[PDB]
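One chain comes next, on its own, written as structure tokens: the form deposited in one PDB entry.
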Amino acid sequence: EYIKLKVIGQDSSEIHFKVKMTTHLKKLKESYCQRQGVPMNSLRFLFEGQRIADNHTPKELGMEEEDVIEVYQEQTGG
């Protein structure tokens, strides 16, 4: 566990996470998903406008301490 991130959501709902730069972010998502009780696929995580893939990594994206990972909800329109 090297970095501490802030996973903020559209309604301002924050949630801190201590993660291993060595690891995939999928894990961070799964936990955010349940810690919220929201189906995986209904959410989208972005870092500075860039969508965070599953096998993506803190080191890869180059996230400094206390960086924000923004969460967005599925959109639809008619």
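Heads up, when I say rigid core I mean the largest set of C-alphas that superpose within 1.5 Å between the two forms. For every residue, the number given is its place in the sequence shown, counted from 1.
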Top-deviation stretch by C-alpha RMS in 5 other deposited structures of this protein (rigid core reference), from 68 to 76, 4 to 12, is 68 to 76
Which has higher Cα B-factors on average according to the PDB entry: 66 to 74 or 17 to 25? 17 to 25
Averaging the C-alpha B factors as listed in the entry, name the stretch that ends up higher: 30 to 38 or 43 to 51. 30 to 38
